[PDB]
Amino acid sequence: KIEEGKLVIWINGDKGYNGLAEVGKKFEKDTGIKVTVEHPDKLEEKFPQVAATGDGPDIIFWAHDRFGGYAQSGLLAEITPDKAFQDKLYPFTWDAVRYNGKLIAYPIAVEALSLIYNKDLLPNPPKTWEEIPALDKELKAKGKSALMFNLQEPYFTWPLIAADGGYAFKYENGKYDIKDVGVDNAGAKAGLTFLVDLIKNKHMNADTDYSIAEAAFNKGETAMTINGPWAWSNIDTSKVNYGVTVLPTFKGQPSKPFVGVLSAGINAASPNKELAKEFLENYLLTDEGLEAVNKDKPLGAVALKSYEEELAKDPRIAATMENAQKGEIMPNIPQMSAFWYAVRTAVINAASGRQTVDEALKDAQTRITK
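Counting in mature numbering (1 follows the signal peptide of the UniProt record, and there is no 0), the sequence shown runs from 1 upward without gaps.
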């Protein structure tokens with residue numbers, strides 16, 4: 001529980017502990033505040049309970065969309081924006097960490113999809129989505145694929161579906177309209193059609209997994225694949241003439257990858273809300289603070305412009321940073337969880353031939369607004 005002179009943070013154990021703890025130690029060193037980092041397996045169940053008990057964790061780590069649900073669950077207090085930091089960071093990142101016009105988190109790091117290709121097979125990737133299928137046919141002759149997906153999550157499909165003018169929710173006047181989706185939109189039909197053509201014409205395998213395809217990429221069996229800046233895939237800092245670039249764009253359209261932003265929320269019920277608030281912004285994402293914490297991660301791919309500039313010198317990052325500024329911010333709205341389910345079902349039924357595109361997308365928007 002929360003103690004006087006203490007703060008408790010829960011962050012994905014997979015790689016959560018090392019950086020956060022060392023940063024907590026720095027803040028613990030300065031103020032004497034005892035920091036405690038734990039691994040969040042229980043959080044989903046604890047979330048409602050700790051709030052009801054007026055005392056659980058102080059700070060909650062960001063998921064994908066779920067953090068927005070956490071805001072709706074009142075797991076975070078209203079936060080005050082730092083104008084100086086805004087300049088030091090990026091503008092587009094702030095939308096992801098704001099909800100109902102209020103600041104619910106700080107942007108620490110930026111994740112976006114990018115095209116990862118073998119320079120030896122393809123020295124020049126496609127500039128647009130139209131070029132891919134023609135490009136794929138040529139390298140299909142060599143037993144390569146141009147584009148990778150496994151249709152195990154809607155995350156994979158979105159790049160194709162939204163590319164033609166699709167979108168989760170409409171934003172206007174600083175507010176999202178729950179009644180205005182771009183998932184039942186004509187553009188969404190075109191994007192999903194692209195997916196079907198890729199599978200039907202055997203440009204990509206419907207059953208092949210991301211781990212299998214990434215392994216095939218690692219061996220040069222597949223020319224190109226899609227992943228974020230982490231390049232964890234199934235390999236470590238590769239050296240064999242692999243490269244990273246931005247995703248294709250079609251006829252001047254919003255054809256670019258979605259953007260996720262690392263976020264943190266501060267328990268409103270916490271007696272130590274001020275301790276959490278001050279250190280969060282001043283350590284987790286600053287010139288001094290971010291530098292220390294990134295030491296545990298490979299690249300960082302960070303929301304901090306200054307530190308980003310230096311690490312952005314890697315081909316792996318530079319494309320992700322560019323397409324982050326040109327990509328589309330992933331909504332933090334709780335209904336995004338329904339958007340996840342809504343797309344996944346719609347795509348599978350379409351690809352399996354069980355349901356038509358317009359009908360599946362009609363079901364997709366129905367689920368979101370229901």
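Cβ coordinates follow ideal geometry from the N, Cα and C atoms, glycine included.
Residue i classed as buried or exposed, judged by whether at least 16 other C-beta atoms fall within 10 angstroms
i      : result
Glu172 : exposed
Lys144 : buried
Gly19  : buried
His39  : exposed
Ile178 : exposed
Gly5   : exposed
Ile226 : buried
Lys189 : buried
Cα-Cα separation, residue i to residue j
i      : j      : result
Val196 : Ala351 : 6 Å
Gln49  : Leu75  : 11 Å
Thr128 : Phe156 : 18 Å
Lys170 : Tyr176 : 6 Å
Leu299 : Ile266 : 26 Å
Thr356 : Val343 : 13 Å
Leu192 : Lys251 : 17 Å
Spatial neighbours of residue i in its chain, beta-carbon cut-off 8 Å, leaving aside the 5 residues before and after
i      : result
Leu89  : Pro107, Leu285, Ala303, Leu304, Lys305
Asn241 : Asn118, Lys119, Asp120
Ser337 : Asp65, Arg66, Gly69
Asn234 : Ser211, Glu214, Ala215, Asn218
Residue i - DSSP class collapsed to helix/strand/coil
i      : result
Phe169 : coil
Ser306 : helix
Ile329 : strand
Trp230 : coil
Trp10  : strand
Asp197 : helix
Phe61  : strand
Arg344 : helix
Cβ-based neighbour list, residue i, same chain, cut-off 6 Å, excluding 5 preceding and 5 following
i      : result
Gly187 : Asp164, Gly165, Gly166
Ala71  : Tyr99, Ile104
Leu43  : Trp10
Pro334 : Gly68, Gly69, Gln72
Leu262 : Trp62, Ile108, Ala109
Minimum Cβ-Cβ distance from residue i to chain C less than 7 Å
i     : result
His64 : In the displayed structure, chain C is absent; only one protein chain is listed.
Own chain, CB closer than 7 Å to residue i, minus 5 neighbours either side, in chain order
i      : result
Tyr341 : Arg367
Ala216 : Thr222
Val23  : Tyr283, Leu284, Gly289, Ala292, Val293
- Touch check for the region 152-171 and the region 180-200: three-plus C-beta pairs under 8 Å? Contact holds: three or more Cβ-Cβ distances are below 8 Å.
- Flag this pair as touching only if the region 324-332 and the region 254-266 have three or more C-beta atom pairs under 8 Å; answer yes or no. The way I'd put it, the region 324-332 does touch the region 254-266; three or more beta-carbon pairs between them come closer than 8 Å.
- Can we say the region 216-235 touches the region 85-99, given the rule of at least three CB pairs closer than 8 Å? No contact exists between the region 216-235 and the region 85-99.
- Message: Using 8 Å as the cut-off, can you tell me whether the region 150-164 makes contact with the region 264-284, which would need three or more C-beta pairs spanning the two stretches below that distance?
- Response: The region 150-164 makes no contact with the region 264-284: fewer than 3 CB pairs, one atom from each, lie closer than 8 Å.
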